[PDB]
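**Q** Structure provided below as structure tokens; questions to follow.
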Amino acid sequence: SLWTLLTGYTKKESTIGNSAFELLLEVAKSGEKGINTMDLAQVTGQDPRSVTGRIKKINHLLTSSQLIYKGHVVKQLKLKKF
DNA sequence: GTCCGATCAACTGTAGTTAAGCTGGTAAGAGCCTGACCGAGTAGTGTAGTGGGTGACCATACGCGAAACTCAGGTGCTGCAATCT
């Protein structure tokens with residue numbers, strides 16, 4: 001049901017991998033504030049290459065835009081509903 | 001271009017103006033090398049940006065193997081009937 005409510009599909013058939021789904025859960029927790037890709041990377045505990053390669057699987061669910069943070073160039077992520 | 005021949009001075013006869021250096025004590029040209037002052041020269045440097053190639057991580061593909069699932073093989077008794085008696 002959590003899978004279905006967030007992705008629109010059940011765990012039994014959804015195309016999103018477990019790691020990418022946990023990324024989505026972090027964006028779900030942050031809601032209206034959303035998460036920048038580096039704080040997401042730090043909180044999930046994985047590197048920016050891995051985060052970027054995974055985020056492709058969910059870019060249709062997320063509104064995004066560029067921003068500059070701690071001298072690095074990053075994007076903000078928000079679920080469409082927020 | 002050349003022709004005539006007048007004519008400043010070329011090259012030719014003797015009558016009269018120019019240094020060099022001596023006695024010195026001396027300031028005058030022409031000068032030398034260290035030093036200082038700015039302009040220019042030798043040239044590697046200081047940020048800043050374009051491109052490229054390495055590295056990691058992924059997924060996509062086949063191909064071999066592993067277990068799954070479907071459908072039909074195979075076991076063994078005995079309910080019922082028929083051969084030998």
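How things are named: the first chain in the structure tokens is A, the next is B, and so on; residues count from 1 in each chain; ligands count from 1 in the order shown.
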Given a cut-off of 12 Å, which residues of chain B touch chain A, counting only C-alpha atoms (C1' of nucleotides), written out as a PyMOL selection string?
**A** chain B and resi 55-59
**Q** Could the residues in this selection be written to a file with N, CA and C atoms (P, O5', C5', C4', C3', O3' and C1' of nucleotides), as an mmCIF file, in the first residue's frame?
**A**
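Listing of part03.cif after writing:
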```
data_model
loop_
_atom_site.group_PDB
_atom_site.id
_atom_site.type_symbol
_atom_site.label_atom_id
_atom_site.label_comp_id
_atom_site.auth_asym_id
_atom_site.auth_seq_id
_atom_site.Cartn_x
_atom_site.Cartn_y
_atom_site.Cartn_z
ATOM 1 P P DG B 55 42.196 4.919 -15.185
ATOM 2 O "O5'" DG B 55 40.887 5.070 -14.279
ATOM 3 C "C5'" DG B 55 40.825 6.002 -13.209
ATOM 4 C "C4'" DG B 55 39.380 6.174 -12.739
ATOM 5 C "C3'" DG B 55 38.739 4.845 -12.295
ATOM 6 O "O3'" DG B 55 38.603 4.783 -10.879
ATOM 7 C "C1'" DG B 55 37.276 6.264 -13.561
ATOM 8 P P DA B 56 38.188 3.430 -10.113
ATOM 9 O "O5'" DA B 56 36.584 3.461 -10.057
ATOM 10 C "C5'" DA B 56 35.911 4.425 -9.265
ATOM 11 C "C4'" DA B 56 34.418 4.535 -9.578
ATOM 12 C "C3'" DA B 56 33.595 3.278 -9.287
ATOM 13 O "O3'" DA B 56 32.693 3.621 -8.234
ATOM 14 C "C1'" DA B 56 32.963 4.370 -11.317
ATOM 15 P P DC B 57 31.786 2.565 -7.430
ATOM 16 O "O5'" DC B 57 30.442 2.490 -8.283
ATOM 17 C "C5'" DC B 57 29.572 3.606 -8.372
ATOM 18 C "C4'" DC B 57 28.617 3.422 -9.548
ATOM 19 C "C3'" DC B 57 27.809 2.127 -9.434
ATOM 20 O "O3'" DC B 57 26.486 2.467 -9.059
ATOM 21 C "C1'" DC B 57 28.628 2.581 -11.671
ATOM 22 P P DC B 58 25.364 1.369 -8.729
ATOM 23 O "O5'" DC B 58 24.723 1.110 -10.178
ATOM 24 C "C5'" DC B 58 24.072 2.171 -10.862
ATOM 25 C "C4'" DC B 58 23.923 1.906 -12.358
ATOM 26 C "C3'" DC B 58 23.040 0.703 -12.672
ATOM 27 O "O3'" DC B 58 21.787 1.207 -13.108
ATOM 28 C "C1'" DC B 58 24.908 0.971 -14.165
ATOM 29 P P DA B 59 20.502 0.277 -13.299
ATOM 30 O "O5'" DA B 59 20.657 -0.304 -14.782
ATOM 31 C "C5'" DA B 59 20.451 0.524 -15.920
ATOM 32 C "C4'" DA B 59 20.516 -0.237 -17.254
ATOM 33 C "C3'" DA B 59 19.543 -1.420 -17.315
ATOM 34 O "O3'" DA B 59 19.167 -1.759 -18.634
ATOM 35 C "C1'" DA B 59 21.737 -2.173 -17.342
#
```
**Q** Between A:80, A:56, A:75, A:70, which is the closest to residue 17 (chain A) once you count only C-alpha atoms?
**A**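 Ranked by minimum distance to residue 17 (chain A), first place goes to A:56.
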**Q** If you run DSSP on the backbone, which residues of chain A are alpha helix (DSSP H), as a PyMOL selection string?
**A** chain A and resi 2-7+18-30+37-44+48-55
**Q** Given the choices A:21, A:82, A:6, A:65, which gets closest to residue 36 (chain A) if the distance is worked out from only C-alpha atoms?
**A**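 Going through A:21, A:82, A:6, A:65 one by one, the smallest distance to residue 36 (chain A) is for A:65.
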**Q** Grab the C1' of residue 60 (chain B) to CA of residue 3 (chain A) distance for me, in Å with one decimal place.
**A**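 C1' of residue 60 (chain B) sits 25.8 Å away from CA of residue 3 (chain A).
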**Q** Would you list the contacts of residue 61 (chain A) as a PyMOL selection string, taking every protein, DNA or RNA residue within 9 Å and counting only C-alpha atoms (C1' of nucleotides), but skipping same-chain residues closer than 2 positions in sequence?
**A** chain A and resi 6-7+24+58-59+63+78-80
**Q** Could you tell me how far CA of residue 9 (chain A) lies from CA of residue 31 (chain A), in Å and to one decimal?
**A** 20.4 Å
**Q** Using only C-alpha atoms, which residue out of A:5, A:67, A:23, A:62 lies closest to residue 42 (chain A)?
**A**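 Selected residue with least distance to residue 42 (chain A): A:23.
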**Q** What is the distance between CA of residue 38 (chain A) and CA of residue 15 (chain A), in Å to one decimal?
**A**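 Going from CA of residue 38 (chain A) over to CA of residue 15 (chain A), I get 24.3 Å.
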